[PDB]
């Protein structure tokens, strides 16, 4: 962690209609270390000798359950790359533990979903709702921006 950047993945869970239009964004609500509330995207490390899309698979099931039916993007190209730095103010992304370089994807879920393990809740929000300050505020390490870049990428960032 103090030595090299970590390969991560961020997956923005979304509900889409038939045309692929993003209908809702799914945010996880868990507690911070001190029992304060936060909101996050599906985010996690890639393992040695693990493929990225597999990590995507593994992380989705972990946060949402084995019947979430993700549509893992046919293509490896992420919509962006979020560079979480251990020092704030360098990139829009920050994580106190490590320097993490994440391939970020929008991942539609075709199945049913529930919060698991450390995930207390799973909230489906419209783009307008997801981009409420109250919501964004609850997000950490700059994931609120990554969220906004995800919406922007899907052509559904709200004007407010």
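Positions refer to the first chain, counted from 1.
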Point to revise | Of 100 to 108 and 65 to 73, the stretch whose C-alpha atoms average the higher B-factor in the entry | key: 65 to 73
Check your understanding: Looking at the deposited entry, does 134 to 142 or 6 to 14 carry the larger mean Cα B-factor?
Key -> 134 to 142
Revision key, fill the gap. Residue set 44, 26, 127, 92, per-entry CA B-factor max assigned to 44
Review point. Taking the C-alpha B-factors as the PDB entry records them, is residue 78 in the lowest, middle or highest third of its chain?
Key: lowest
**Study point:** residue 57 - Cα temperature factor, lowest/middle/highest third of chain
**Key:** middle
Review point. If you rank the chain by CA B-factor, which third does residue 30 end up in: lowest, middle or highest?
Key: highest
Review point. Can you tell me which third, lowest, middle or highest, the CA B-factor of residue 51 falls into for its chain?
Key: lowest
